[PDB]
Amino acid sequence: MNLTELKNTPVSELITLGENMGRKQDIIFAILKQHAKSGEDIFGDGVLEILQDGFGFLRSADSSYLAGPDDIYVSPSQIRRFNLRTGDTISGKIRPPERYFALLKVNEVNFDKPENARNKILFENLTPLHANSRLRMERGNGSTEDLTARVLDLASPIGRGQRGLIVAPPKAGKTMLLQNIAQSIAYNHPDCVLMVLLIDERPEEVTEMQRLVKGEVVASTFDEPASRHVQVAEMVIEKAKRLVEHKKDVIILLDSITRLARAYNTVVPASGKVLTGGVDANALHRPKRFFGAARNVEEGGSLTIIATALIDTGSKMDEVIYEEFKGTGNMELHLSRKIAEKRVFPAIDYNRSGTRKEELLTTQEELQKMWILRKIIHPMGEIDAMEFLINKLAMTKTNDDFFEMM
Amino acid sequence: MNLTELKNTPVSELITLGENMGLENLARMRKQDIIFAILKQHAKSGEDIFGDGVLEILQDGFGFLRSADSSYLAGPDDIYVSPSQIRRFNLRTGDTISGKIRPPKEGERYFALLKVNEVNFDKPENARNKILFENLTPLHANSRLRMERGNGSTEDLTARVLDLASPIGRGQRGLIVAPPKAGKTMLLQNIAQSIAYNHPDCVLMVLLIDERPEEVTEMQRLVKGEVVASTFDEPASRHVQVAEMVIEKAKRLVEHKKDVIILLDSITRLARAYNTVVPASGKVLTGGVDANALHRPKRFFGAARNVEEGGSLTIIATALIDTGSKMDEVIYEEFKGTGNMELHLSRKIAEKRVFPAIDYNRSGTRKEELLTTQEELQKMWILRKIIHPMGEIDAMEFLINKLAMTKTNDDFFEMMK
RNA sequence: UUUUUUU
Ligand SMILES: Nc1ncnc2c1ncn2[C@@H]1O[C@H](COP(=O)(O)OP(=O)(O)O)[C@@H](O)[C@H]1O
Ligand SMILES: Nc1ncnc2c1ncn2[C@@H]1O[C@H](COP(=O)(O)OP(=O)(O)O)[C@@H](O)[C@H]1O
Ligand code: BEF
Ligand code: BEF
Ligand SMILES: [Mg+2]
Ligand SMILES: [Mg+2]
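Method of determination for the deposited model, per the PDB record: X-ray crystallography, at 2.6010 Å resolution.

As C-alpha cells, this is what we get:
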C-alpha cells in the first residue's frame, strides 16, 4: 500500500478497495487512515526539500516538486540520521496525520540503502574533470532524423559531464534538436539518468516531450511566473547533484536556459547597476551556478547539461546571456536562421559550433578527420556548408563509412 | 610532527599512526578529530608540535595562520598569533609563518603559536628590518622572462609567438585579452609550463577567480607551483578575500627580494566581484560599473611592479572583450591604462582552429627595448612591419608556418637574413 | 538622476 501509487491509479480503482474496507484526495486519505487502524504498513515517497527551520517535505513530481497536499513530513532527526539534503529521493513507511502525513522510516535513499548514503562525498567536494567518456549521438540506423545526430558528432562532440548549449534564433530548430538528443540518449545510452527540464516554453512541447522521451520531464510553461521557474529548476538541479553523489551519470536537457536566466533577472533584487540589455549586475550569478553544475567527476558519475539558448532576438540581453554562458560551459551547437528558412535541416552553423578539449572525446583518427573536414568547410557559406555536408553524409549510413570516403 | 603534514596524509595512514600511539578507536570519528587527538597525545609526551600558514591580521591586533586547503580563508586548524608576536617581528598580512604550536587549552578554540621559526622561508630576525612594499622604488621591467622552451615542441609555438609579439619581463603587468573560447586559459597554462622550466627560480602562483572548476584541478596537476582557486560556484565575497590574501602574500615575498609571478584567470571576473561588493556611490559608469568600483582592482593589478632594491612582482591576467556587455570593455580599457603588456587573441582566428589565435597587431609590450637585445628588437620590428598589412588569420598562418620550420626563434631570425 | 534605454 503506497500513497503515490494510489494517486496514480484512477478513482474507479480506488473506490473498489475503499468499499471493501468500509474527492479523490479524501478517499485516498480515508483508505490510508482506515488501513492504519488495521496495523499494516503504509508507504510514501518523494523528493526532499529542506526548509529553513530544519525540517523537510517530500515533494511530488505531480506538482513539479512544489508544495503539495500529499507531501510527506521529514523530521530533522531523520535528516541528520541519514545526512539527507535537498534533492534526495526518499521512500519508506509513513503515517496518517495536524494536516500532513509523516514518514516513519526510510527504506531507500536515492534507490539505495540509507546507510550507504551517509559516508558519501558531497557534490561540492567531488574533483571536477574535463569530459572523458563520450556520449556518441549517432544511431547509425539510416533514418533522416539521424542526420541531425551525425552532424553533431562531427561539429561538437558531447561527453559525460559536458556543459553545452544549442544556440540559435527563434524557429531555427533548437527544441527539435533537443528532442533528437533525447532519442539518442535513451537509444544509445540507457544507463544515463535522463531528465528534461522545460522552463518558460510552450505547453504543447512538454506533452510532446513526455511521450517522446524515455525519462522524467519536469516542466514550467510560460503560463507560470518566473519565481516558479526558479524554484522548479533549483529542485531539479539539486536532485541531479544528489544522484551524482551516488556516482550516477545524470543528463539534463534544458529548454530554455536563456529564459531561465531571464527568470533569475526578474527575481534578483535591484543592485542599482544594470548591464547592457537590461540584465542586473548580479542577475547572472545563480544561472552560472546552475549551468556550471554540470561537470565530470573523477570519483564516479557525472552531470551533463545541454540547454537551448536564444540569440538574434533583437534584445541585447540574450546576447549578454549567451556570451556569459559560453564563458561558463564548454560546448556550443549553433543553428542558423538562414539555413532553417531554406528548409535545410539540421540548420547547423558548422564554423561556430565546437567543443572544448574534444581530443579527450575522440579517437586520434577521428580527430584528424574532423580537423581536415573542418578546414574544408570553413571557406564555405553557412548554407553552402550544410548542403555540402548533408549530401556527403546522405550517401552513407554511418559516419565511419563517411570517414573512409576521405 | 607538523599540522599541515598530518592534514595532507591520507586518513588510513593517520589511523594506523594513531593506533601505534595507543588511542581510543579512531575509525568512527572524523579525520579532523584523528589529527587533533594525535596532536594532543604527542604533546603529552613532551615532544614538540609544529604548524604553519599565511598570516592574516584581524582588526583587534591579533591574527591567524590561514591554510591553503581553505584558500587562505578562516579554517578550523588556524593558528593564533598573539599581537606581541606580530610587533616583535613586524609581521604583516601575507607573511608565511612556521613555528612550534600547542593544542588549545580549556576555554580556547585554536592552536596557539609558541615560537616562530621561519618568516617567509627566512630567519625571523631579518624580517624585523626590511623595506616595505609601499616604499620600494618602482621601475620598468629589466630582466627578460623568455617563454620559449626551444625543445621544438608544438606547444612551444605559443611561447615563441608570445616572445615575438609581446615580451614579458620581471615585474610585468600584462593581460591576455580575448573573447570567450579564444584560448586565454590554455595560453596561461602554456605560460605556466614555460615559467616552471625556464624560470624555476621564480615563485609561481596561479590565482583562479570565478572560472571553471575542472580548470582548477587541471592547473594544479599541470603547473609546478602553488594554485589558489575560487570557482564560479563561490560568491563574489569569497573571490575578493581570497585574492587579497594572495596579493598580500606576493608583496611579502617581494619584500624579501623574491621574483613572484601571479597568473590570474580571470581578472575581469575579479573586477566584477569588486563591483558586486563595492558600496554604491550614486554614480554608475557605462556598462553598470560603479564609479568607485575599479579603484580596488586597479590597485590589485597595479601591485605588479619591478623593484630596484631586489625582486619583482609579475602579474599575467586574462581579460574578456566582445561579450556584448559594455562593462567588460570598460574593465579591459581601464586595466590597459594600468598595465604595460597585452596579448590579444582573436575569436576569428580561433574559429578557423588556428592556434595560437594571436592578434599580432593589437598585441605588444611597453618599453620592450628594456627586455630585448639590440638586434632582437630590430628583427621583431621588421617582423611587425611585414605582418601588419596581413589579416588577422593570414598573419598567424604565415607566422606559424615560418616558425614551424625551425626549433628556435634565433634560427628563425637567421633564416630572415 | 546615474546605470538601463544606447548606437
Ligand atoms: N530536423 C528537422 N527536420 C525538419 N524540420 C525541422 C527540423 N528542425 C526544425 N525543423 C522545423 O523548424 C520548426 C521549429 O523548430 P524548433 O525546434 O521549434 O525551433 P526553436 O526551438 O529554435 O524555436 C519546426 O516546425 C520544424 O518544421
Ligand atoms: N593552443 C591551442 N591548441 C589547440 N587548441 C586550443 C589551443 N588554445 C585553445 N584551444 C581550444 O580552445 C578551447 C577553449 O580555449 P580556452 O583557453 O578555454 O579559451 P578561453 O580561456 O578564452 O575561454 C580549448 O578547449 C581548446 O580546444
Ligand atoms: F521559438 Be523557438 F523555440 F526559439
Ligand atoms: F570562456 Be573563456 F575561459 F573566456
Ligand atoms: Mg524551441
Ligand atoms: Mg578560460
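The structure having been displayed, the exposition proceeds.
A. Layout of the packing of helix 2 (residues 11-21) of chain B against helix 3 (residues 31-44) of chain B. Residue and element names in this part refer to chain B. For the pair helix 2 and helix 3, interaxial distance at closest approach is 10 Å and the crossing angle is 35°. In this structure, helix 2 meets helix 3 at a crossing whose hand is left-handed. Counting all contacts with helix 2, which are made through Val11, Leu14, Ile15, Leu17, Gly18 and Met21, the residues of helix 3 involved are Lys31, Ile34, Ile35, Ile38, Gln41 and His42. Here the contact of helix 2 with helix 3 is built from residues that sort into eight nonpolar, three polar and one charged.

B. Local environment of the protein's contact with RNA strand C. In the vicinity of RNA strand C, the contacting residues are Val274(A), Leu275(A), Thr276(A), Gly277(A), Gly278(A), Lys316(A), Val284(B), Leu285(B), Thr286(B), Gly287(B), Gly288(B) and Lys326(B). The share of sugar and phosphate among atoms of RNA strand C within 4 Å of the protein is 92%. Between RNA strand C and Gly277(A) there is a distance of 2.9 Å, counted from a phosphate oxygen to a backbone nitrogen or oxygen. One of the side-chain N or O atoms of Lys326(B) is found 3.4 Å from a sugar or linking oxygen in RNA strand C. Split into classes, the residues belonging to the surface near RNA strand C amount to four nonpolar, six polar and two charged.

C. Highlighting the site of ligand 2. Ligand 2 sits among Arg356(A), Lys357(A), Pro179(B), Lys181(B), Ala182(B), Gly183(B), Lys184(B), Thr185(B), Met186(B) and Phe355(B). The site occupied by ligand 2 is bordered by residues of chains A and B. Measuring from an oxygen atom of ligand 2, one finds a backbone N or O atom of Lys357(A) at 3.0 Å. Relative to its unbound accessible area of 560 Å², ligand 2 is 79% covered by the protein chains. The residue inventory of the shell around ligand 2, partitioned by class, reads four nonpolar, two polar and four charged.

D. Geometry of the pairing of strand 1 (residues 49-57) of chain B. All names here are of chain B. Pairing geometry for strand 1 and strand 4 (residues 96-102), over six bridges, is antiparallel. Looking at strand 4, one finds that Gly51 is bridged to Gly99. Relative to strand 2 (residues 63-66), strand 1 runs antiparallel, the two sharing four bridges. Residue pairing in the sheet places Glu56 in a bridge with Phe64 of strand 2. Here strand 1 folds back onto strand 2, and the loop between the two strands holds five residues, one of which, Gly61, carries a positive phi near 115°.

E. Main features of the domain arrangement of chain B. All names here are of chain B. What the domain assignment lists for chain B is domain 1 (2-129) and domain 2 (130-417). Relative placement of domain 1 and domain 2: their C-alpha centres are 35 Å apart. Contacts between the two partners involve 20 residues from domain 1 and, on the opposite side, 17 residues from domain 2. Roughly 1,500 Å² of surface becomes buried between domain 1 and domain 2 when both sides are summed, with 58% attributable to carbon and sulfur atoms. On the surface where domain 1 and domain 2 come into contact, there are two salt bridges. Between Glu134 and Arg92 there is a salt bridge, with its nearest N and O atoms 2.8 Å apart. Summed over the shared surface of domain 1 and domain 2, the number is nine residue pairs in polar contact.

F. Focus on the sheet that holds strand 3 (residues 79-81) of chain B. Residues and elements named next belong to chain B. Strand order in the closed barrel formed by five strands is 1-2-3-5-4, and the pairing between neighbours is mixed. Averaged over all pairs of adjacent strands, the angle between strand axes in this sheet comes to 55°, irrespective of strand direction. Helix 9 (residues 236-255) rests against strand 1, strand 2 and strand 4 of the sheet, and its axis sits at about 105° to strand 1.

G. Region of the structure containing a nonpolar patch on the surface. All names here are of chain A. A cluster of nonpolar residues, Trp371, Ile372 and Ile376, forms a patch on the protein surface that exposes about 300 Å² of accessible area. Position of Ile372 among the secondary structure elements: in helix 13 (residues 364-377). With a relative accessible area of 40%, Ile372 lands in the partly exposed category.

H. Molecular detail of the environment of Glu134(B). Residue and element names in this part refer to chain B. By secondary structure assignment, the location of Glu134 is in the loop between helix 5 (124-128) and strand 6 (138-139). Residue classification places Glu134 among the partly exposed positions, given a relative accessible area of 48%. When the C-alpha positions of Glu134 and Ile34 are compared, they lie 43 Å apart, and in sequence the two are 100 residues distant. Those residues in contact with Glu134, other than ones at most four positions away along the chain, are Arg92, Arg252 and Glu255. Of the polar contacts made by the side chain of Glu134, one reaches the side chain of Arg92; its length is 2.8 Å.

I. Representation of the side chain of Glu56(B) within the structure. Residues and elements named next belong to chain B. Structurally, the position occupied by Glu56 is in strand 1. Of the polar contacts made by the side chain of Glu56, one reaches the side chain of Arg66; its length is 2.6 Å. Excluding residues within four positions of it along the chain, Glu56 makes contact with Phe62, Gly63, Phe64, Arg66, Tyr72, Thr93, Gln241 and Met245.

Criteria and thresholds
- Residues numbered from 1 in each chain as written, not as in the entry; some residues may be left out.
- Chains lettered and ligands numbered in written order.
- Part of a larger assembly, values for the part shown.
- Heavy atoms only, no water.
- Axes fitted to C-alpha atoms, helices over the stretch in contact; angles between N-to-C directions.
- Helix = DSSP H or I, 4+ residues; strand = E, 2+ residues; numbered from the N terminus.
- Left-handed = near helix turned anticlockwise from the far one by under 90°.
- Contact = heavy atoms within 4.5 Å.
- Nonpolar A, V, L, I, M, F, W, Y, C, P; charged D, E, K, R; others polar.
- Near = heavy atom within 4 Å.
- Polar contact = N/O pair within 3.5 Å; in protein donor to acceptor, adjacent residues only side chain to side chain.
- Areas by Shrake-Rupley, 256 points an atom, 1.4 Å probe, with all protein chains shown as cover.
- Pairing = 2+ DSSP bridges.
- Domains from an automatic or database assignment.
- Buried area = accessible area lost by both parts, 1.4 Å probe.
- Salt bridge = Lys/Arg side-chain N within 4 Å of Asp/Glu carboxyl O.
- Patch = residues over 30% accessible without salt bridge, like charges linked within 9 Å, V, L, I, M, F, W, Y side chains within 5 Å.
- Buried < 20%, exposed > 50% of the residue type's maximum accessible area, 1.4 Å probe, protein only.

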